[PDB]
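This is what each chain is made of:
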Amino acid sequence: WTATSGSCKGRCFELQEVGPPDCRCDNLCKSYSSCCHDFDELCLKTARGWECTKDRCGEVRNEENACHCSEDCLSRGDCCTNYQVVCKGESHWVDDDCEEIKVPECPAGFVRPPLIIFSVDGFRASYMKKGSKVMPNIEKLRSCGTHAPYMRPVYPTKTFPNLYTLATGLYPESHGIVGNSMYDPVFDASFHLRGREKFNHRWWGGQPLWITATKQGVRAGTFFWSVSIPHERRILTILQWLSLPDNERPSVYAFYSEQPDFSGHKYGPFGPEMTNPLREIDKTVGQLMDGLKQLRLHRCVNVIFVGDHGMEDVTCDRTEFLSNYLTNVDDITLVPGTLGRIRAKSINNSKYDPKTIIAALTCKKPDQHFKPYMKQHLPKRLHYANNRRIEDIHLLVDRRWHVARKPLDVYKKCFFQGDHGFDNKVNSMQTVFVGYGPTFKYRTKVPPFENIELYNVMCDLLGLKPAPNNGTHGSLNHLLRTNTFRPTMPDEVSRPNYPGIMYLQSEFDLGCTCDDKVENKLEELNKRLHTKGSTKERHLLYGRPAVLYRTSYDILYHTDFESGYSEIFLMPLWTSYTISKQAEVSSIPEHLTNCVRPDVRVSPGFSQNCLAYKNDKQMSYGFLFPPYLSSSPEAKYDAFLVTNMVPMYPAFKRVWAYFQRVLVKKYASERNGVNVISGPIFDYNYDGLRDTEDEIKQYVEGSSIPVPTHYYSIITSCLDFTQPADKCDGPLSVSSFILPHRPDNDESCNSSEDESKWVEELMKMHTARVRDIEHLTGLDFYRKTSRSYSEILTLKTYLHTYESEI
Ligand SMILES: *[C@@H]1O[C@H](CO)[C@@H](O[C@@H]2O[C@H](CO)[C@@H](O[C@@H]3O[C@H](CO[C@H]4O[C@H](CO)[C@@H](O)[C@H](O[C@H]5O[C@H](CO)[C@@H](O)[C@H](O)[C@@H]5O[C@H]5O[C@H](CO)[C@@H](O)[C@H](O)[C@@H]5O)[C@@H]4O)[C@@H](O)[C@H](O[C@H]4O[C@H](CO)[C@@H](O)[C@H](O)[C@@H]4O)[C@@H]3O)[C@H](O)[C@H]2NC(C)=O)[C@H](O)[C@H]1NC(C)=O
Ligand SMILES: CC(=O)Nc1ccc(C#Cc2ccc(F)cc2)cn1
Ligand SMILES: [Ca+2]
Ligand code: NA
Ligand code: NA
Ligand SMILES: [Zn+2]
């Protein structure tokens, strides 16, 4: 019940919402059916439109008008945004040359430059070039301020998961808005786009920017706007709030536009109908900047122009139906469209079986436009698993397609030509970023970055301490003229041991054998230097990775590679090696095929053993430093040490062997040498974070050798590829991946072909940021370079996407 019988007199768009059943006058009351009776009359005036004309100049104040052109409107803070232009001979902000804003130029009583976030729904990155003719205010913000060629959204590339990521710095799996439709089995409640359930606070996790601000005593404008409040009124409300007295005035504001997403759904991203919504957005930006200039705030306010996601071409006739694959279609609930999520229709039917649902959906038709995944097998870069609201079965849908349960769902539920929600690496889903103001750089282009990074920067812009989030604070310092945050390297928690020769061969009973007794002060002086770290500067280019947790591990040096060997996990945490452009690939000699050699630096009790692999019929083994890339026949023996061995399913060895035999050398040829760091990952609870040993769910049968869920590599080279990787004077270039360690290659529909047709395609799909590998391993990489730490943080958040150029 709301006793809507109170009044909005002097309360229009009041900043704190008043508790039921007193009636509300805040920018969200319309959404809750709870506004006072006079809200429309008082708060949504429209008389006379939004622009001053010649004849209203100096008019007698008439309180009915939407905005005012009377002489007092500046002191009252409610002129039309073009007031000074029409009635005082002033120029529009877009007509003025840009002039660097070196310092904030603020009216008295402003303690800090305000931040205004102008968020646009569906604003695809290429609109900045393609619509440039019809967006002069936006093109000025972009060319005068700081801009990226595009900004990567999070998955799924839907509206609320992305806007709430902007507000919290968290992945959707952590903030909890994981789609535009959700079931929470703990609440036993559902969230939908239409409805009042979506307003319940318990859907919304983390701490959004407005709550961070408020807790730290910075006032905030209310971010959410009811759909029927027109854009001109949203802008005028923000400008009026900007005229409040110092003690009441917010420092942070948001504007939001439903366009161009609205029209994009109907007409497609580049439909001829799309020119007008882009014109109209630009004109709204023009109103804001003219209003700020009127208030003398246009060289004081930081303005962010930011999208939530792009828009792709999608039509009714590109729909795949689960009824064309499954017979039990009525025993499932599908969340449909640009991604799929599948669960059982009833918790009381124990015949529904996820494993056979997946198998019925896997590589079933030659041109199949979706791929089913258990959520924990999705590419780790999506970070889309660790939330009870995400269903175990997921369908990644090819761009341009939908998935639906039954054809009837599509014509009885064509109507649309655009949609979004696809994989966040897809070029059509990329969106925009522009920062303009005293704290942003002048005329600067920065590389593309992910939207999870903005919350930190918005906190920096406001002098706030960010709540814990998924951004890497300092990675976007290069966007800012000042207020940068000066990160420091995490402290190493565990220091390594440097073991020497301590064990005789006969102490090992590992059931390993090698044909190596086919056995000189010239070459034994050398073996010794190699085991002391004499070639370490060649293979360890950026320092040893730091171990950020408590553990026991050994550095092991070799001619061709260096490793950090875990006495707890019985395998390396990392193995580092450099392949120059000139390197040669050799084979594994026939007599060495099954060779495994005890490492006399590491005790039997902390080594793997060969008998465990012999007795584990499902599990085989691979090596981290590959024998194919040994620098000489004698160095090759080092590659067969039991301390370089890791457990691998046979199906996985197919991938790993191709990467190591063919692709490392291809990359070294293309990139003028590479440094590779590879290693195992254990993430059995799929939370994106390194497992402790007591979380391991699978071991090599009858042993304490844990089986990894993934294997990573980080491949680093010189950004200026005229310089060799091992002799690089400036910025680095990196690509990385996190390959799932699976017992089948069901993910790859072409796997029965030659590895040259499918392996690299798999690796690309599992591309990753160094930062993702850091979370998964508790390691910190690049600790010793000649680069600034901020630059290294930007490199660690880089993602190599393999899309073509936008
Ligand atoms: C990305 O960035 C985020 C934020 O830093 C990281 O997420 C954090 O991870 C840590 C480590 O796991 C979590 O710590 C654990 O927290 C609980 C306390 O839980 C409450 O307090 C915090 C702090 O205010 C809240 O933010 C929590 O909010 C979660 O739950 C509510 C629902 O209750 C929901 O509204 C939120 O959306 C959010 O859900 C997500 O997180 C939970 C787990 O917390 C997860 O189940 C869910 O799927 C969602 O993803 C919450 O109200 C504490 O009890 C734990 O202690 C236990 O473990 C120790 C081990 O030391 C045991 O000894 C002990 O007995 C306990 O059992 C943890 O400390 C932290 O909550 C979490 N924060 C958020 C906001 O998610 C991610 O890890 C980052 N991702 C990557 C890849 O880096
Ligand atoms: C009817 C309807 O949907 N209204 C609506 C929806 C969303 C928003 C937002 C937002 C936002 C989040 C994070 C930001 F950093 C900036 C803006 C405002 N109004
Ligand atoms: Ca984990
Ligand atoms: Na052997
Ligand atoms: Na085996
Ligand atoms: Zn949309």
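As documented in the archive entry, the model was determined using X-ray crystallography at 1.9000 Å resolution.

1. What to know about the coordination of the sodium ion (ligand 5)
At the metal site, the sodium ion (ligand 5) is ligated by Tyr613 (O), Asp616 (O) and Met619 (O), and these contacts range over 2.2 to 2.4 Å. All donors to the sodium ion (ligand 5) come from one chain, and their sequence spacing reads Y-x2-D-x2-M. Considered together, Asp616 and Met619 belong to a single accessibility category, that of buried residues.

2. Concerning the side chain of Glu450
Secondary-structure assignment places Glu450 in strand β18 (residues 449-450). For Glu450, the residues in contact, after removing those within four places along its chain, are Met151, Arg152, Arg769 and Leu799.

3. Quick notes on the coordination of the zinc ion (ligand 6)
Around the zinc ion (ligand 6), the donor atoms from the protein are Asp261 (OD), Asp261 (OD), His265 (NE2) and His420 (NE2), and they sit 2.0 to 2.6 Å away. Classification of the site at the zinc ion (ligand 6) as irregular follows from its 4 donor atoms and the range of 54 to 145° in their angles at the metal. Residue classification places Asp261 among the buried residues on the basis of a relative accessible area of 10%.

4. A word on helix α6 (residues 159-168)
Counting buried residues in α6 gives 9 out of 10 residues, a clear majority hidden from the surface. When we look at burial in α6, the residues that qualify are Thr159, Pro161, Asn162, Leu163, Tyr164, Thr165, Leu166, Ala167 and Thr168. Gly169, located one to two residues past α6, shows a positive phi value of around 70°.

5. Overview of the state of the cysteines
Evaluated as defined, the whole model comprises 15 disulfides. Between the sulfur atoms of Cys57 and its disulfide partner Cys87 the distance amounts to 2.1 Å. One quick way to see it: the torsion about the S-S bond of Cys57 and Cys87 is about -85°, and its sign makes the bridge left-handed. In this pair, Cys57 sits in the loop between α1 (39-43) and α2 (73-76) while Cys87 sits in helix α3 (residues 83-88), placing the two residues 30 residues apart along the sequence.

6. A short note on the site of ligand 1
Taken together, 13 residues surround ligand 1, and among them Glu173, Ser174, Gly205, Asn386 and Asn470 come closest. Between an oxygen atom of ligand 1 and a main-chain N or O atom of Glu173, the distance comes to 2.7 Å. Within the contact set of ligand 1, an oxygen atom lies 2.7 Å away from a backbone nitrogen or oxygen of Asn386. When ligand 1 sits alone it has 1,300 Å² of accessible area, and the protein chains cover 37% of it. Within the shell around ligand 1, the residues separate by chemical class into 3 nonpolar, 8 polar and 2 charged.

7. Some details on the site of ligand 2
Taken together, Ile117, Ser119, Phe160, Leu163, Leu166, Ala167, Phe223, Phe224, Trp225, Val227, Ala254 and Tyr256 make up the full set of residues near ligand 2. Interatomic distance of 2.7 Å between a backbone N/O atom of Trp225 and a nitrogen atom of ligand 2. When ligand 2 sits alone it has 460 Å² of accessible area, and the protein chains cover 88% of it. For the shell around ligand 2, the elements supplying multiple residues, two or more each, are β1 (115-121), α6 and β6 (252-260). Looking at the shell around ligand 2 residue by residue, the classes come out as 11 nonpolar, 1 polar and no charged.

8. Digging into the sheet that holds strand β25 (residues 674-681)
Judged by pairing direction, the sheet is antiparallel, and its 7 strands sit side by side in the order β20-β21-β22-β25-β26-β27-β28 without closing on themselves. The outermost strands of the open sheet, each flanked by one partner alone, are β20 (553-557) and β28 (767-768). Here strand β21 (residues 562-566) pairs with strand β22 (residues 571-579) via 5 bridges, running antiparallel. If you follow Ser563 over to β22, its bridge partner there is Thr575. Against the sheet, helix α19 (residues 650-671) makes contact with β22, β25, β26 (710-718) and β27 (732-740), and its axis sits at roughly 5° relative to β26, the strand it touches most. Where helix α21 (residues 770-777) meets the sheet, its contacts fall on β25, β26, β27 and β28, and the angle it forms with β27 comes to roughly 50°.

9. Side note on the packing of helix α5 (residues 136-144) against helix α11 (residues 275-294)
Following both chains from N to C, one finds α5 and α11 inclined at 65°, their axes separated by 7 Å at the closest point. Accordingly, the angle class assigned to the pair α5 and α11 is roughly perpendicular. Listed contacts from α11 to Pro136, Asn137, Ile138 and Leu141 of α5 are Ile281, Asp282, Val285, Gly286 and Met289. For the contact of α5 with α11, a count of residues per class yields 6 nonpolar, 2 polar and 1 charged.

10. Observations regarding unusual backbone geometry
In this structure, the amide linkage connecting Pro20 to the following residue, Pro21, adopts the cis form with an omega of -15°. A cis amide bond links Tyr155 with the next residue in sequence, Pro156, at an omega value of 0°. By the element assignment, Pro156 lies in the loop between β3 (151-152) and α6. Phi is positive for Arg48, which is not a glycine, with a value near 80°. Phi angles above zero are rare outside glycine, and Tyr686 is one such case at about 40°. In this structure, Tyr686 sits in the loop between β25 and β26. A residue is classified by how much of its surface remains accessible, and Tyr686, at 29% relative accessible area, is partly exposed.

The rules behind the values
- Residues numbered from 1 in each chain as written, not as in the entry; some residues may be left out.
- Chains lettered and ligands numbered in written order.
- Heavy atoms only, no water.
- Residues with missing side-chain atoms left out of burial classes, pairs and counts.
- Donors = N, O, S within 2.8 Å, 3.2 Å for Na, K, Ca; no water.
- Buried < 20%, exposed > 50% of the residue type's maximum accessible area, 1.4 Å probe, protein only.
- Helix = DSSP H or I, 4+ residues; strand = E, 2+ residues; numbered from the N terminus.
- Contact = heavy atoms within 4.5 Å.
- Tetrahedral: all angles 85-135°; square planar, octahedral: opposite > 155°, others 65-115°.
- Disulfide = S-S within 2.5 Å.
- Near = heavy atom within 4 Å.
- Polar contact = N/O pair within 3.5 Å; in protein donor to acceptor, adjacent residues only side chain to side chain.
- Areas by Shrake-Rupley, 256 points an atom, 1.4 Å probe, with all protein chains shown as cover.
- Nonpolar A, V, L, I, M, F, W, Y, C, P; charged D, E, K, R; others polar.
- Pairing = 2+ DSSP bridges.
- Axes fitted to C-alpha atoms, helices over the stretch in contact; angles between N-to-C directions.
- Parallel < 35°, antiparallel > 145°, perpendicular 65-115°, else oblique.

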